[PDB]
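Below: one structure, written as structure tokens.
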Amino acid sequence: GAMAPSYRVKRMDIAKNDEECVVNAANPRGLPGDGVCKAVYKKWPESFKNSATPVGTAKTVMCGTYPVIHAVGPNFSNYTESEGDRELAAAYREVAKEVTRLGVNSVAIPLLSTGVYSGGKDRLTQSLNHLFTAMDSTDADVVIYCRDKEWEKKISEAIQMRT
Ligand SMILES: [Cl-]
Ligand SMILES: [Cl-]
Ligand SMILES: [Cl-]
């Protein structure tokens, strides 16, 4: 684990991360998809061999020796608010188990279910709080990746508030 486990946020493409492993915001079928998923497919295509996994779960596939943790958050257009919230919390819990199993000292993670799976809603706080709930008991350095300037500021404020 990291000597002083921390959270940081960066506004840039997660495919250029400087961490020991990456979390993909995957679809259940292991398809190239859009957004973060498509960038992950371009950078680590080999990690999509047998990466299909149900909603609410995470499945790790190696690209060489670099781990890609495919985490499947719910599409809020299909799920009710309550069941979608439960699946979103479950996907992050499975990410924490995989990061721990891998023994990595750092992990790059996007906010699950905040893009095309958001159902047209702003889910920054909902997704980030589930990320904290799952990752707080791990000792890896967590680096959250985002693309919007306003979201970078809000995620940074949420991280600083707890320190
Ligand atoms: Cl970039
Ligand atoms: Cl999404
Ligand atoms: Cl964003």
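For the sequence shown, the working numbering gives the first residue as 1, with consecutive numbering after it. For every residue, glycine included, the Cβ atom is placed at its ideal position computed from N, Cα and C.
> At which residue ranges does the region 32 to 80 contain complete alpha helix (DSSP H) runs of 4 or more residues, listed in the order of the chain?
Replying inline: Runs of alpha helix (DSSP H) with 4 or more residues, each lying fully within the region 32 to 80, are found at 35 to 43, listed in chain order.
> To the nearest whole angstrom, what separates the beta carbons of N105 and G1, a pair I think is in contact under 8 Å?
Replying inline: Rounded, the Cβ-Cβ distance is 6 Å, consistent with contact.
> Skipping 5 residues on each side, what residues in its chain have a beta carbon closer than 7 Å to that of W151?
Replying inline: Excluding positions up to five away in sequence, the list reads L124.
>> I'd like the list of long-range same chain contacts for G30, defined as Cβ closer than 8 Å, with 5 residues on each side in sequence excluded.
In response: These residues qualify, in order along the chain: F48, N50, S51, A52, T53, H70.
> Do the region 82 to 95 and the region 132 to 149 touch if we need at least three Cβ pairs shorter than 8 Å?
Replying inline: Enough Cβ pairs lie closer than 8 Å, so yes.
> Which whole-angstrom value describes the C-beta separation of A96 and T163, a residue pair presumed to lie in contact below a C-beta threshold of 8 Å?
Replying inline: Contact between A96 and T163 is absent: CB atoms are separated by about 20 Å, not below the 8 Å threshold.
> Which whole-angstrom value is the C-beta distance of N24 and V36, which I expect to be below 8 Å?
Replying inline: That belief holds up - the Cβ atoms of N24 and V36 are roughly 7 Å apart, short of 8 Å.
> Buried or exposed: where does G56 fall if 16 or more other Cβ atoms within 10 Å of its Cβ makes it buried?
Replying inline: The residue in question, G56, is buried, as its Cβ has 16 or more Cβ neighbours within 10 Å.
> How big is the Cα-Cα spacing for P74 and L112?
Replying inline: Spanning the alpha carbons of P74 and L112 requires a straight line of approximately 8 Å.
> Among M161, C146, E157, which has the Cα closest to the Cα of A39?
Replying inline: The residue among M161, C146, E157 with its C-alpha nearest the C-alpha of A39 is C146.
> Contact check, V142 vs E20 under 8 Å by CB: the rounded distance?
Replying inline: Taking C-beta atoms under 8 Å as the contact rule, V142 and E20 fail to qualify, at a distance of about 11 Å.
> alpha helix (DSSP H) containing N129: first to last residue?
Replying inline: Taken as a continuous stretch (DSSP letters only), the alpha helix (DSSP H) holding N129 covers 124 to 135.
>> Using 8 Å as the threshold, is the C-beta distance between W44 and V72 below it?
In response: The answer is no: Cβ separation not under 8 Å.
> Tell me which same chain residues have a C-beta within less than 6 Å of the C-beta of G119, skipping the five on either side of it?
Replying inline: Excluding positions up to five away in sequence, the list reads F76, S77.
> Between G64 and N27, what straight-line distance do the alpha-carbon atoms span, to the nearest angstrom?
Replying inline: Each residue's Cα considered, the two are about 22 Å apart.
>> Please enumerate, following chain order, all residues with a beta carbon closer than 6 Å to at least one heavy atom belonging to ligand 2.
In response: That gives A25, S113, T114, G115, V116, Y117.
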